[PDB]
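In the form solved without the DNA, a lone chain appears below as structure tokens.
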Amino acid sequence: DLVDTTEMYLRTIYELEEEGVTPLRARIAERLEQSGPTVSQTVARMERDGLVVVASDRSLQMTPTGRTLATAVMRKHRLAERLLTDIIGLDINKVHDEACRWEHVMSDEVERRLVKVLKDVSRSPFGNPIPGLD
């Protein structure tokens, strides 16, 4: 899904960086059950919408308007997998693979809801941090 697939790769770009690593398109086609060929359609499209820029070293640069939005999918991602865990108590194992889906359907007003409602924001149940204070 276009809008959803931007979020999907903008999610891996954050996830590599935090992992400590260069957001190199290649890296992503082993991350994703995907290919170079398609991966360039996505970072070609994306960059022109203004989200990522292709360069050398680590290579892929999320723009000012690239960060603020994957910062979001990711806290959306780190806050729903906690609602599925802290509140419903989902088996764990399911929790990420499933919160990879609630991260697109969750809303900003439901975030504020979960900020007044959870007993620890801070870290994903897998430890490691949840960002957006906006």
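Note that residue numbering follows the sequence shown and begins at 1.
Stretches compared: 26-34, 97-105. Higher mean C-alpha B-factor in the entry: 26-34. Looking at mean Cα B-factors across 52-60 and 37-45, the upper value is held by 52-60.
In this PDB entry, the Cα temperature factor of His77 sits in the bottom third of its chain's modelled residues, the lowest group. Among all modelled residues in this chain, the alpha-carbon of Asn128 has a temperature factor (C-alpha) in the lowest third. In the PDB entry, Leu114 places in the highest third of its chain by CA B-factor. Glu7 sits in the highest third of its chain by CA B factor, as recorded in the PDB entry. Per the PDB record, residue ranking by Cα B-factor puts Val121 in the highest third of the chain.
Keep in mind that the form solved in complex with the DNA is missing from the display, and what follows is about it.
At least one heavy atom of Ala26 is located within 4.5 Å of the DNA in the deposited bound form. Using a 4.5 angstroms threshold between heavy atoms, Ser35 counts as touching the DNA in the deposited bound form. Interface residue remark: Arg45 is counted as part of the site for the DNA in the deposited bound form, having a heavy atom within 4.5 Å. Using a 4.5 angstroms threshold between heavy atoms, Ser40 counts as touching the DNA in the deposited bound form. Here the chain stands by itself, but in the deposited bound form one stretch of 66-74, 45-53, 91-99, 104-112, 45-53, has heavy atoms within 4.5 Å of the DNA. By the 4.5 Å heavy atom rule, the three marked residues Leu2, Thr5 and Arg58 all count as contacting the DNA in the deposited bound form.
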